[PDB]
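A.B. asks:
Chains as they are written, first to last, in this note's numbering: chain A, 1 to 150; chain B, 151 to 199; chain C, 200 to 548; chain D, 549 to 598; chain E, 599 to 648; chain F, 649 to 698; chain G, 699 to 748; chain H, 749 to 1633; chain I, 1634 to 1683.
1) Going by DSSP, what residues sit across from residue 1311 of chain H in a beta bridge?
2) Does any residue of chain A bring its CB to less than 8 Å from the CB of residue 243 of chain C?
3) Decide yes or no for the touch test of the stretch 1617-1633 of chain H against the stretch 850-869 of chain H: beta carbon pairs closer than 8 Å, at least 3 of them.
4) Could you work out which residue in H:1056, H:1176, H:860, H:938 is closest to residue 897 of chain H when comparing CA atoms only?
5) Rounded to whole angstroms, what's the CA-CA distance from residue 764 of chain H to residue 1304 of chain H? Just pull it up for me.
6) Return helix, strand or coil for residue 1041 of chain H, following the three-state DSSP convention.
7) When you compare only the Cα positions, how much space is there between residue 1042 of chain H and residue 1190 of chain H?
8) Roughly how many angstroms lie between the CA atoms of residue 530 of chain C and residue 282 of chain C, to the nearest whole one?
9) Note down the Cα distance separating residue 1170 of chain H from residue 981 of chain H, rounded to an integer number of angstroms.
10) From residue 8 of chain A to residue 262 of chain C, what distance separates their C-alpha atoms?
11) Name the residue from C:520, C:542, C:536, C:546 whose alpha carbon lies nearest to the alpha carbon of residue 564 of chain C.
12) With a threshold of 8 Å on Cβ separation, who are the neighbours of residue 874 of chain H within its own chain once the five nearest residues in sequence on each side are excluded?
13) In angstroms with no decimal places, state the Cα-to-Cα distance between residue 1602 of chain H and residue 953 of chain H.
14) How big is the Cα-Cα spacing for residue 371 of chain C and residue 427 of chain C?
15) Interface residues of chain H around residue 746 of chain G at Cβ under 9 Å?
16) Looking at chain H, is there any beta carbon in it that lies within less than 8 Å of the beta carbon of residue 668 of chain F?
17) How do the stretch 1456-1466 of chain H and the stretch 840-849 of chain H stand: do at least 3 beta-carbon pairs fall below 8 Å, yes or no?
18) Compare the beta carbon distance of residue 352 of chain C and residue 374 of chain C with 8 Å and say whether it is the shorter of the two.
19) Roughly how far, in whole angstroms, is the beta-carbon of residue 385 of chain C from the beta-carbon of residue 445 of chain C, given that I think they are within contact range, below 8 Å?
20) Tell me, please, whether the CB atom of residue 238 of chain C is closer than 8 Å to any CB atom in chain H?
21) List the whole-angstrom C-beta distance separating residue 1015 of chain H from residue 1418 of chain H, where the pair is believed to meet the contact cut-off of C-beta under 8 Å.
22) Determine which residues share a DSSP beta bridge with residue 1120 of chain H and list them.
23) Assign residue 291 of chain C to buried or exposed, taking buried as 16 or more other Cβ atoms, counted over all protein chains shown, within 10 Å of its Cβ.
24) Starting from residue 1548 of chain H, follow its DSSP beta bridges and name the residues at the other end.
25) Alpha carbon to alpha carbon, how far is residue 321 of chain C from residue 299 of chain C?
26) Counting only beta-carbon atoms, is residue 570 of chain D nearer than 8 Å to chain B?
27) For residue 535 of chain C, does the count of other Cβ atoms within 10 angstroms reach 16, so buried, or fall short, so exposed?
28) Going by C-alpha distance, which of H:1196, H:1280, H:1229, H:1278 is nearest residue 1239 of chain H?
29) Shortest alpha-carbon distance to residue 948 of chain H belongs to which of H:930, H:964, H:888, H:962?
30) Taking the beta strand (DSSP E) that residue 1590 of chain H belongs to, which residues open and close that run?
31) Please identify, using Cβ separations under 7 Å, the residues of the stretch 980-1000 of chain H that lie next to chain C, in order along the chain.
32) Using only CA atoms, which one of C:307, C:287, C:402, C:308 lies nearest to residue 340 of chain C?
33) Considering only the alpha carbon of each residue, which of H:1145, H:1082, H:1591, H:1598 lies closest to residue 1312 of chain H?
34) Express the C-alpha separation of residue 628 of chain E and residue 964 of chain H in angstroms, rounding to a whole number.
35) Nearest CA to the CA of residue 265 of chain C: which residue from C:434, C:227, C:526, C:448?
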């Protein structure tokens, strides 16, 4: 399940490297991106390009990331656009062990699931007595009846 | 937040956000009306209900 | 996503077919299980037979159903047993389009998702004025100071108006307030014999009329009241009168136990004891959910996940029944004695 | 250029080119000229709530 | 010494990639753990598996 | 313009890899420094080494 | 095997056509997109259909 | 044995006509396409570069590729290459080590010149390749000697030549070294079991790099990788309905066997389809590999005429159907047809007219009808040419209008366009059987779905799966809806028309023929989307693109092949059905061949990639460039088989500079052992000094170091070697930088010498940047040749840059008969050229320091073990016991 | 089981447990023979599998 997220994540961060690629450096990424896009385009029947240029192509790729992102989050947004439609099938694309994920994505998730599943000591943000209904003037004496220390 | 799904979702969105930036996607969305004029802190303030 | 649940359902329902050997498998079933079990074993690396018999063979199969059921519900039970361990990968088997599902399962899910995602009109379960802090004696006269007509509550679905001779007035406001009723069904009667402020009997004369939105309505007949129209009561008689208006029933867009076919029985099945192993299991599973770990929720859930989870758990219950799996759980101590209603009672906290 | 560098810049260009809500650094009434003793009664003339 | 730490880090970070059994790894990972595990198991004499 | 910054960034981050003397450069890195230094030294005429 | 939408609608229209023929209903002109084919009954009367 | 081939009723059991196979058709296809061109070009006024449209041997090319799986890149040795050598000076306390690597590298490719850029390119490739080869080590069984309870490595497995030195060693030095030798132990040593030996031996850096990356691969790529890839085939096996063995793959790995897999199975669709102008070649490959062997069946003679009495028999309206096949001249012409529809819109059909052979016009009628119900001009994909269709409509029209019996009411339409009329006593449009490509209203699947995307495909280019007339092969296995009615819409409407208009007599023929027809089509479908979807299959993208692009006349890279038929052939094609016999043997190994092709392909792309950058890296070296140059030199040093697959279509004589550039820039690659090695070795290549060619070449008038000899025994010094290789470059401010252009101009003007001299006189430096130059290293015992001392970095016959640049090492040797000043000369001896590399090629060392080289790691597989490459075990019919996902 | 080199072992244990095993669910033809004395090992120890 986390693996699915890592995958989707990897994909997006990778799509965010085509501002102009002209021979990518990260061979790792490519291998994965190709794989993913093929698998996607196969089950989707859409036409995502490795190197988008038009706009429709860019939208297409975006929609893909969106689809994956949503599937990874376990979200069904429903009809929110006349242009975009969410393909539930997307989950079946990320479930394939055929798709690798970056070490980055792996660790990113490992951290989240890691701490999110357990507890730990942490400096709290606000004052201790913040959720108090009554407060007194500072420096002003006050001794509650019958008490020697108040 | 304190649950996986919360944190995760944010991360995915944060990333998808950047993807949005770089790709410059253009499309419609039910209930949204685009104002193409350059964009200012003013126009933005308004968008937050 | 629904497909995933449909699969996991089909698989379980299929395993239930495996009663006690003397069976000739429905050709169709064989095919399905085989594909599933195959793929499952290829991801679990566990040894699931298509036709179990030993026990350890049965456990393995149950465990499979369990793994799938949980994955379909999106639950992570964690370390609850030494004998069983949940494989999260179970989801990937269920996401693979290579495993089919029955028409039965498909519709079963489609119904849950279908209704759960939208709203609808449904006869509510309890009396209209149930969530009320104050109630008055039924049949007893009561006129608030300075009023000619005084409507008041006397029960869960009961109100009675005290009219002075010749007095009239609107009443609808006593009903309004409780968020959203779509159509209240009424029936009003004359309190022919009621108690006075002092205790003496008093008669209500024939002639008192009740009109909704203007049109005059008979007594003892059901009325399609839209909750907005003017509920006007008149007393042309020269005597004191007291009429009771009864909310026979009303409909709202709140989810009832009739959102999904015989949901009730399913829930019963889920919450039923069976044995300590089942009990403790089912408990531990719901601890991950918004559902009460061992006592029927007062208010019928309204989210896909809840309804779904119940159905899955309900079926997985039957699987437990046919398979007779035997394993341990942290904190569970099986009492071997024949099992009586007594032993069961005690188990529920 | 690396994906690391790509994302790095993409983020900068992204957020920098637009605005967004954020927990401000200092106390609200920091840029105030006058302050009154805490817990001390003070009623401005002609007012019942000051 | 910085190098030593950077390595140890890189390796662990890569081991963190093993969330499942069958899954395919990014070539980078394979290369790293491949060499690492070799020389490690070499001087370690223990039996680590990719 | 983002690309430009990202490039310059990548280069620096890459030069940062030169800790020890004998360490074998990350394959990926050399592809960078190689192209860079060649182009740079081309314009500069200076003699920078990998 | 539907995929588009018009393919999905087309199928739904079929289910509608049948659903109606079965209930012995004739809704008439209720949509510019849909047109009920009375012929649908002739289909459901075919013994070949299970 | 025969799954669906089971013939239940005699109705399907007809005679045998001919038979075809994969290699049969694949050749035929090419042939036909080549005749096409010669026959036109040779026929009309033609103007273009001459090309020899030859039909190559498909089998032998294929068989050669299957032969590649064998060729392994790794080389198993028992001892590593030398790496280091020691050269002795007169001195007895100091020596000089040399990194062998650099020497070998020195003399790899040809000398570099700004004239031949092609020469340059290959020169580089050879050099890179060299590195990759020098690095594919394995080290199996090492000379482990016993010494003091420890097992140590024999000096042979280390990386040094020191035997030279030994004899001049001081008892002390000797001893030191001996300890260093029996110093390097086998780490684990006393353990037995082991499996591997770890020692310390020396090694040249670049080489080491490869050794390591390799070592990693062989240990990373094991069972699982293999498991996956096989499972893929196991999956494709089901799609192709493969008959399976009783065996299973135990993932049992013997403790002796270390596996070496070189290619993974799930092949990247794109690498194949990225190749420019591939379309044809790919297609043919698709045929030659996947297209099974089968025979054409004739219908039952009883379908037409039937005997009632010895004297009374019925006669089919087409008595002409007794024509003996118009030679292969047209029989082949039928094969075209079948093959055409068996490859969707990939091959289109067109008339062809020999003004000779006079046929009876009736042929046109029949063919007009036939064509309409056997070809798909459906708005989904299309089989025929635009004009092809018209001719069939005119054939149809002309013949609906030919009434050999009583005439029916023909109510013509306002348009003169054929098929406007409405013949029939009940009217009926014939306008329906017109010819709209966006609708397909006339011909096949006019009201049908023939492109059914469904199920995830084992391939992924194409997920589609074709249903001609909406008949799934399943209807054969188990029927769908009776035998009476099989009729698909079109064939049905065809009947109705034939009736209303002309006559039933013929419509009866087609009525009874119908089943035979659909059966033939059901089989065809099966064959298409089942029996032959390979990598060469063709992506749905391009498929869908075909139809509309054809209408607009775009520029479809995958231009469909237009084949020309014969009116007659339609009848014949209609009366033959083709029933597959055996699946071509190539099939089960197909995927493997594919992997080989794809992976070898990508490797080239990689090489070419980096080479394109070369021009921009050093624009001065290769002024006269052009991409064709490197891609030519790459194609040169890469395997024939692959190249031939690309040139099946003869594309190589068409691929424009731009076309190839795009392919280099394309980014779809297929990983392979070869690939990773090439890329890694390739990476280290980026240094250039590691290639032995530098920009760092200077000139500076320098004296030859003539020392004073006061203590001859003190020349145990570094034997005072000289060398023009600089310890470090001069201060950048004191250097006059020179460009190709600058030098060029000054020289053409005849000012270069002067300027150069001035600089020399001023004791300044001058660097010659922009160009690379091959660098060589020579050593001397005494006063080397003037052409070396006073050698310059350019020719003066116009100033010609580059040249070889010799880095010498002059060793000073002296006898006891040498007077202190004897070495001095009244006039100095000058040396101009100097070089700088920032790589420790030749280094002055002590003696006890000799062995310091060790350094490097090293892991060697113990003699006990057997290294085997499990690369050819990627056959399809292999199932595993552990199912996998 | 055989893929893990556990097949033989498994069978042995089951037999040692007195428990019975039954392969398949296929019909199998039945043969009937009579003996006067100790039958062939093929009949006694003939295993219903290979």
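Here a beta-carbon is modelled for each residue, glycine too, at the ideal position from N, C-alpha and C.
C.D. replies: Taking the definition as stated:
1) H:1097
2) no
3) no
4) H:938
5) 39 Å
6) strand
7) 30 Å
8) 13 Å
9) 56 Å
10) 29 Å
11) Nothing can be reported for residue 564 of chain C: it is not among the residues displayed for chain C, which extend from 200 to 548.
12) 856, 857, 1385
13) 12 Å
14) 7 Å
15) 1229, 1230
16) no
17) yes
18) no
19) 7 Å
20) yes
21) 6 Å
22) DSSP, once it has assigned bridges, lists no residue as partnering residue 1120 of chain H.
23) buried
24) H:1543
25) 35 Å
26) no
27) exposed
28) H:1196
29) H:930
30) 1590-1593
31) none
32) C:402
33) H:1082
34) 8 Å
35) C:526
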